[PDB]
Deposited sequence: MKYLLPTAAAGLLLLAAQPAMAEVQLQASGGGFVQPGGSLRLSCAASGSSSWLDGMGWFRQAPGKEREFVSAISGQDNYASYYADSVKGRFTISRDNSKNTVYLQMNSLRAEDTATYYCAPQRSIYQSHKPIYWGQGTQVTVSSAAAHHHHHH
């Protein structure tokens, strides 16, 4: 179980850095109100980083091993990016059928 933090209110065009700490496979997910949880980004373990088409170029993920915390710099934030953000460990097919227990997720509001 991982704990996300660092959210708040931001004007369109703005920036925000989210944090997460308690695990190689790790992903960023968000829940917009009235929408289901969707994938935002992930860092694998030759550390491969990938982003959802909706956030490509604008967002960046990076893992700290001096602080055991993964960050998400969200640049050029638009209204659509309003959601409650979460982080969870990714799994192999061998562990695909194991329940997911989410943890804390911060509110990010991108309003003018």
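- Missing C-alpha coordinates mark the following deposited-sequence intervals, in order: 1-24, 47-52, 76-77, 145-153.
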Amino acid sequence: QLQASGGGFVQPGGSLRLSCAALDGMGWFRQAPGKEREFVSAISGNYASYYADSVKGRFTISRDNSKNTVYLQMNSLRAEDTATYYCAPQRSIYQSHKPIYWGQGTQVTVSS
From here on, numbers count along this sequence of modelled residues.
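- If you average the C-alpha B-factors over 47-55 and over 60-68, the higher value belongs to 60-68.
- Placement of the Cα temperature factor of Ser15 within the chain: lowest third of the modelled residues, per the deposited record.
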